[PDB]
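First, one chain by itself in structure tokens, the form deposited without the ligand.
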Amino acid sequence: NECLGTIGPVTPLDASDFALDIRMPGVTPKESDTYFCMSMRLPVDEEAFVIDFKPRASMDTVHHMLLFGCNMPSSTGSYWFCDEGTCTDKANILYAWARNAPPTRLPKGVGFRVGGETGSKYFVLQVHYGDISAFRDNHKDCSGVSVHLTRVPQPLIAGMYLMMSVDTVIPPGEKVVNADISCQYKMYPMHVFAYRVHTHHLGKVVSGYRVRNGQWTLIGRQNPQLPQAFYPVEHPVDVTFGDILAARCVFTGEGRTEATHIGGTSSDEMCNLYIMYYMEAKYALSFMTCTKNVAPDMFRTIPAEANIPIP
């Protein structure tokens, strides 16, 4: 999309509402597969609610976009290489845009709580650029995300339950290496409404479930080699005190000359499942994480689909 110039990144929509435009500061990439990061401080200090996102991406040029909330961006820079890092504190993902898979909108009444004494103070925008051909004219790029904000407290609060591995090791050439993650859910009821999967080049399939009374209810299952958007949850799923959250990533070792562990770089791996949920405002909590496998044996009775790659 076009660069902002004189009009500025902030448009008031109403007394309470306003739109914030988060855009690359006229960047020109020089190599393939480049990853650019930038930040915007929230213009208000008081608690606000992120209630809608617009993609402003030049269709020919961008592979994916990601927006985070965090309090300490990795750079004071105008922009920077995301390989350097997104946030020093916890980067809370709010939005994912992908090319061949258009995002679905937040349910009405559901909003991310930001700012205030406790919420995110900064947005961080990650723009993955793919084919650099369109930059034959050396032109500046200003792609990114417009964001709808409000002071009106939402009845439902969006959050993230991040499941990720930490201890996986993928022996070179090993047919199948399973990364299991499991945690017992201890908060008020959450309703999952979307998921994103993330591995690096070695993941084959990723599946997350809710287990209750020993029975596996599918949250999401995706090929991580496909565009890694937030996908809608087919039938919405309540997770309740007592339930166990379980995810498995299937990896291969074939193609690799050396062992592969969890890490930041492309020659390392990751097994992340992002469960986007919403809760009743008065109960709600913005982020939860599982980096353990508390019920390893329970995986014996995992459904078989969690082990076969999608059609």
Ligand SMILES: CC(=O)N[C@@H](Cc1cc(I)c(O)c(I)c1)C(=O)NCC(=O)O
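In case it trips you up, residue 1 is the first one in the sequence shown, and so on. Think of the rigid core as the biggest set of C-alphas that the two forms share within 1.5 Å after superposition.
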Would you say which of 164-172 and 110-118 moves more relative to the shown form in 6 other deposited structures of this protein, going by RMS C-alpha distance with the core superposed? 164-172
Higher-deviation stretch (C-alpha RMS, rigid core fit) in 6 other deposited structures of this protein, choosing from 72-80 and 153-161: 72-80
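One more form of this protein should be noted, the form solved in complex with the ligand, which is absent from this view; the next part is about it.
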Quick check on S146: any heavy atom within 4.5 Å of the ligand in the deposited bound form? yes
Considering only heavy atoms, tell me if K140 and the ligand come within 4.5 Å of each other in the deposited bound form. no
is_contact(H198, the ligand) in the deposited bound form, heavy atom dist at most 4.5 Å: yes
Could you confirm whether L66 comes within 4.5 Å of the ligand in the deposited bound form, counting heavy atoms only? yes
Based on heavy atom distances of at most 4.5 Å to the ligand in the deposited bound form, which listed stretch, 71-79, 129-137, 172-180, 89-97, is the contact stretch? 89-97
Ok, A284, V27, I262, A57: which has a heavy atom sitting within 4.5 Å of the ligand in the deposited bound form? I262
As a check of understanding, the residue in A101, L218, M187, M164 with any heavy atom within 4.5 Å of the ligand in the deposited bound form should be identified as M164
Can you work out whether the ligand is within 4.5 angstroms of a heavy atom in all three of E84, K204 and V250 in the deposited bound form? no
Of the residues spanning 13-52, the ones with some heavy atom within 4.5 Å of the ligand in the deposited bound form are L13, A19, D52
